[PDB]
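>>> sequence and experimental coordinates follow.
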Amino acid sequence: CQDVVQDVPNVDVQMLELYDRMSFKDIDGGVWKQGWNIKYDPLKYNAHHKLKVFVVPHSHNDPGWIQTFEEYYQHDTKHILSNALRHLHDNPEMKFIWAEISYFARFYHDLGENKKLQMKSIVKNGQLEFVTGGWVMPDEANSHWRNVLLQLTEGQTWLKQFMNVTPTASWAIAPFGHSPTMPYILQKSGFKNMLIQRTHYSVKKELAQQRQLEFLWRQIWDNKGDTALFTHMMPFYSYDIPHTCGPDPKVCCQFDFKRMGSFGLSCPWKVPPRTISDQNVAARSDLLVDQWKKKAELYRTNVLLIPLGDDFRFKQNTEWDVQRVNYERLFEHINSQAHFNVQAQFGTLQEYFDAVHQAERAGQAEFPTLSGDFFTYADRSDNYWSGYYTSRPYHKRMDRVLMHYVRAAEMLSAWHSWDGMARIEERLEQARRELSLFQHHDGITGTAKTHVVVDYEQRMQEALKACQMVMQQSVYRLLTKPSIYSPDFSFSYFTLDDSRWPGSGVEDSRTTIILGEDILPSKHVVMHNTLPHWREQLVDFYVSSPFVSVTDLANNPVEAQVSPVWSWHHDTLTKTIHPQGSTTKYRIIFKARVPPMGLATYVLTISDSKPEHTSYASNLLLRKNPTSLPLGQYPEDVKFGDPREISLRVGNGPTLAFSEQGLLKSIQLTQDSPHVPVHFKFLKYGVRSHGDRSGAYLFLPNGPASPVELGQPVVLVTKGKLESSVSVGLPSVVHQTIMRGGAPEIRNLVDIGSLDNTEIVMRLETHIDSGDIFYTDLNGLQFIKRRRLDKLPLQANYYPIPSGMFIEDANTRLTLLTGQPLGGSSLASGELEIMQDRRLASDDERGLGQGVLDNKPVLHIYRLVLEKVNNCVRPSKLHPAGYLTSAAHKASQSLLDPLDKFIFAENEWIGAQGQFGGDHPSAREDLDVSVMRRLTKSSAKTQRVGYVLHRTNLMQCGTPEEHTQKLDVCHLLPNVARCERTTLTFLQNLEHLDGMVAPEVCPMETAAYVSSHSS
Ligand SMILES: CO[C@@H]1O[C@H](CO[C@H]2O[C@H](CS[C@H]3O[C@H](CO)[C@@H](O)[C@H](O)[C@@H]3O)[C@@H](O)[C@H](O)[C@@H]2O)[C@@H](O)[C@H](O[C@H]2O[C@H](CO)[C@@H](O)[C@H](O)[C@@H]2O[C@@H]2O[C@H](CO)[C@@H](O)[C@H](O)[C@H]2NC(C)=O)[C@@H]1O
Ligand SMILES: [Zn+2]
């Protein structure tokens, strides 16, 4: 295994180092506004060394943005694909590339068989080439790597099945900044090449000046380079035709033949395209070849890529003709005039990369190595695209909920083959596709129109229902005695109970377990643990009595705590935000212990008075002018007091101190240790009253944030043996700190209400001497070192926080883990901050044509981990990565993949069993079974199950390692007949494994395996 900690890779370009040295001055470069006037030597190309130009026609099709997926499909994309089929069929030299398989599958499945065959033929002969082949072209900032892989797999499995092709070149012209998680996943999925476009204009200029726009992109920890993937970065401001032929858009626009007027388009530089004729072709060719040769000066080979496309292009038949005929005329003239020393043709992306590597192999070029990321993007001026790290945070959180529900549904249902009448494959395909669609760079990013966000939400809601159906049918099958099992595949044997989605104040979706002497004495509940290690976690349920006790299914009592059900209300008469308790519903909490990838059953039973193994939390309401708070049968009366500082400790865990406003002020890790200052604060950013306005994409604050004026908020303290909490009703945020004996959990119910032109930030202030350094993750996969740069504006120092961030000094680290991607930074030494929501009245001039005024309450969840790290073996000062500790990694897992909770829906479960998976291996804590998916339907004689196995890297801090069991996923199901290592999409076999044993993987590596079983 490569060491991912102690060896600093040697790369030609390391983006953090480049950032430290780069000036970022925004000077007028001339016609290339963010570059310089490119010069070339005409003598560079000659008879023995021609410039080979590939013009690659393309059409950017957004799967929702300004219109919904279906609206775009009906108005634009079905016509683009129908006319592409016709025109490519009829014009054998014409070419076209296609990226978004969600639309292509949507089209192809509606084609008559003779058109399906025609389509297959133009793909087979190379005229229509798929690039990337994901369901979408995903966002790279907010997306979790697991969902990037899910959508890539959904698109590529469709293409292999129906088109018999698997792209090895990726095309990502539109995400708003780029992540090295993409080459990581793509290189492990068979790819050889990738292309990106939206990188900071200063980076484009710097890399262009060094001809470092094509590079071998390796991961930041990878010393040896086996992760490297050849990457092409486009050099100019846009992927449209004015910015793809060469550096001068006033010239290149004249070669977009859709702009002469009848199509409703024109050239902003005020020189239109002119139809090519014999009379003008020499002059037009001279202008175009000059642009090409300038672009070619920025790259190292004599093979030049010229994309030819824009959004929803190649729609009308007359557009196909006008682009094709004019370019054919240009090519005939240029190719026949030796003085240009150019051979130009339509091509595909794969054609371009193959010719580049042929030139490399011939010794014409060597390419630099690069590591790092390309966040935060700015396309011009100070317009940094950090707003979309937070926009529409309800759906950002929903993404992570559904992420987990899809994993759990696929894993729970994978253990068996299912009859087609159960509709398991149908429901899972729906769930995978709606989650995959939302990875689109206008979906999770929060950059679509309001009605499109509603369409994504509705799709994801249907996907959650599909996951629930599959999970509950699977639990019923896995825990009922086989000779009793008698399923109705349409029935709900269980309902899911989810305490954090949509979340209190977001929606009371939670069912109460109704118990009573004259109706039902007891109820079975079942917990699922998708992680491959034994796990304990407190779980809570709502019950209709406080007098409830818990047993396991050996009838062993389980210690439990009952608390009230508190809900917060904005009281429009007293003008306060305060909690109300239920007098008929209560929360019971207990520790569930669940096998690896397994299930555990418990029983809740009512009794007529306090049970022996159930305790009751106390409750203290801190406010001036209190009023009573009755709680029905709850055995402890609520206490009242004026606001005051308070401190709490659960178990042997940290002691937390709170201000009289209900906000954390310090953490004491042990009885001996110091109370370490850790202060939570809420602040607000506004919008500029002159100049460019923040919108769904851009964050353009009017200066540093200002504190939220808190008034005298009401604070509720609940103190229990198992769980305590401090909750406070602040303006726009019900803020909750929950303690269960280790790192606290923070929940914010964020309702920015009608606060126009406001962004709500949660900041942590500490004494940690972090300086200008902080760490944030990329796609939930890796943590990258960031350096705050005062030479950049505040919004440029914001980065995606897809799952966590930390600061540290020699002795102390503070890590904040998230259950949702949001934007954040460290704007001063010892701070962390993360945006909660943003409400913006204005459009920000990037095409959305609306502000962000559709906010809804969202429950954001976090874990806060303060740790001593002076004993940890950390990377050297020059290393670009950081790594979590075991506690912070487990805390992230507790947010993203909690236990699932099932409530049996009818009165008696006959045949119930107490556990599933007790004989599953409990793997080392840094290993995960990220995916388990049965790949065959029931009629296959040889069943196949795929697994994606990911090992993270945790810091060594001197905790002796607990001997654990080796996990061999190929023996998790019986009767294994073969074990293969595959690409991560499962589509190619890479190794036939000895002994049918799937090896575990190295730290920071991810591997896929498929087990085959005789059935
Ligand atoms: C119509 O207003 C202009 O259009 C441009 C913005 O709309 C353009 O792009 C839209 C985006 S679709 C695409 O990306 C979005 C994210 O933006 C994503 O969510 C979707 O999924 C898609 O993938 C689209 O709706 C339209 O088709 C259109 O292309 C924008 O380029 C332009 O801004 C330039 O022009 C104004 C003047 O009109 C200037 O004031 C700006 O400064 C900017 O000028 C450009 O600056 C760069 C850097 O200096 C130069 O190199 C360019 O040459 C220069 N262009 C021009 C015309 O001067 C407007 O907003
Ligand atoms: Zn797009």
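Looks like it arrived, so ask away. Numbering: from 1, shown residues only. Ligands and ions are numbered 1, 2, ... in the order given.
>>> just the strands in the stretch 601-750 of the chain please.
Taking DSSP state E, counting those that start in this stretch as the test, the strands found in the stretch 601-750 of the chain are 614-616, 618-622, 639-641, 646-649, 655-658, 664-668, 675-685, 706-707, 715-719, 724-730, 733-739, 745-750.
>>> which one, of those strands, ends up nearest to residue 990?
Among the strands of the stretch 601-750 of the chain, the nearest to residue 990 by Cβ to Cβ is strand 745-750 (40.7 Å). (C-beta placed from N, C-alpha, C; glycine too.)
>>> picking that back up, could the strands of the stretch 601-750 of the chain go into CSV alongside mean neighbour count and distance to ligand 1?
What follows is these, written out as CSV (neighbours: other Cβ atoms under 10 Å; distance: least, Cβ to the nearest ligand atom, whole Å):
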stretch, mean neighbour count, distance to ligand 1
strand 614-616, 19, 52
strand 618-622, 20, 46
strand 639-641, 14, 51
strand 646-649, 16, 45
strand 655-658, 20, 42
strand 664-668, 19, 38
strand 675-685, 19, 22
strand 706-707, 10, 29
strand 715-719, 23, 42
strand 724-730, 24, 33
strand 733-739, 23, 29
strand 745-750, 23, 24
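>>> could you find the closest non-adjacent residue to the residue of the stretch 1-150 of the chain found nearest ligand 1?
Nearest to ligand 1 in the stretch 1-150 of the chain, going by Cβ to the nearest ligand atom, is residue 33, at a distance of 3.5 Å. Spatial nearest neighbour of residue 33, excluding adjacent residues (Cβ to Cβ, 6 or more residues apart in numbering): residue 237 at 7.3 Å.
>>> and if you look at residue 540?
Closest residue to residue 540 apart from its sequence neighbours, by Cβ to Cβ, 6+ apart: residue 589 at 4.5 Å.
>>> separation between the one you found and ligand 2?
Residue 589 is 45 Å from ligand 2, where distance means Cβ to the ion, to the nearest Å.
>>> what's around the residue of the stretch 551-700 of the chain found nearest ligand 1, how many residues?
Residue of the stretch 551-700 of the chain nearest ligand 1, by Cβ to the nearest ligand atom: residue 697 (6.4 Å). Using other Cβ atoms under 10 Å, residue 697 has 25 neighbouring residues.
>>> tell me the contacts of it?
Neighbour list for residue 697: 176, 385, 387, 388, 391, 447, 844, 846, 848 [criterion: Cβ atoms under 8 Å, 6 or more residues apart in numbering].
>>> the first one sits in which helix or strand?
Assigning secondary structure by DSSP states H and E places residue 176 outside every helix and strand.
>>> got a list of what the residue nearest to it when sequence neighbours are not counted touches?
Leaving out its chain neighbours, the residue that sits closest to residue 176 by Cβ to Cβ, 6+ apart is residue 385, at 4.5 Å. Contacts for residue 385 (Cβ under 8 Å, 6+ apart) come out as 176, 177, 376, 377, 378, 379, 697, 698, 699.
>>> and this structure, which of its residues are near ligand 1?
Residues of the chain that fall close to ligand 1, judged by Cβ under 6 Å from any ligand atom: 33-34, 60, 62, 65, 174, 237, 240, 249, 268, 311, 380, 441-442, 447, 845-847.
>>> can you do 8 Å?
Proximity of the chain to ligand 1 (Cβ under 8 Å from any ligand atom) is limited to residues 32-34, 60, 62, 65-66, 173-174, 176, 201, 236-238, 240, 242-243, 249, 268-269, 310-311, 379-381, 440-442, 445, 447-448, 697, 845-848.
>>> ok, and for stretch 213-231, which residues are buried?
213-223, 227-231 (16 or more other Cβ atoms under 10 Å).
>>> cross those residues against strands and list the overlap.
Counting by DSSP state E, these place 214, 215, 216, 217, 229, 230, 231 in strands.
>>> so which pair among those residues is furthest apart in space?
With Cβ to Cβ as the measure, no two of these lie farther apart than 214 and 229, at 11.5 Å.
>>> looking at the strands of the stretch 601-750 of the chain, which is closest to residue 871?
Nearest to residue 871, of the strands of the stretch 601-750 of the chain and by Cβ to Cβ, is strand 675-685 at 16.7 Å.
>>> what helix or strand is the nearest residue to residue 511 once chain neighbours are set aside located in?
Closest residue to residue 511 apart from its sequence neighbours, by Cβ to Cβ, 6+ apart: residue 495 at 6.1 Å. Per DSSP H and E, residue 495 falls inside strand 494-496.
>>> so which elements touch that strand?
Where contact means 3 or more Cβ pairs under 8 Å, 6 or more residues apart in numbering; DSSP states H and E, strand 494-496 is packed against helix 450-478, strand 900-904.
>>> taking those together, which one is wrapped up most tightly?
strand 900-904 (a mean of 23; mean count of other Cβ atoms under 10 Å).
>>> check which element follows that one along the chain.
Assigned by DSSP H and E, the successor of strand 900-904 is strand 915-916.
>>> need the contact partners of that next one.
Contacting residues not belonging to strand 915-916 are listed as 478, 479, 553, 595, 598, 599, 600, 601 [Cβ under 8 Å, 6+ apart].
>>> in JSON lines: those residues, plus distance to ligand 2.
Shown next, in JSON lines, are those (distance: Cβ to the ion, whole Å):
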{"residue": "478", "distance to ligand 2": "42"}
{"residue": "479", "distance to ligand 2": "45"}
{"residue": "553", "distance to ligand 2": "52"}
{"residue": "595", "distance to ligand 2": "44"}
{"residue": "598", "distance to ligand 2": "42"}
{"residue": "599", "distance to ligand 2": "42"}
{"residue": "600", "distance to ligand 2": "45"}
{"residue": "601", "distance to ligand 2": "47"}
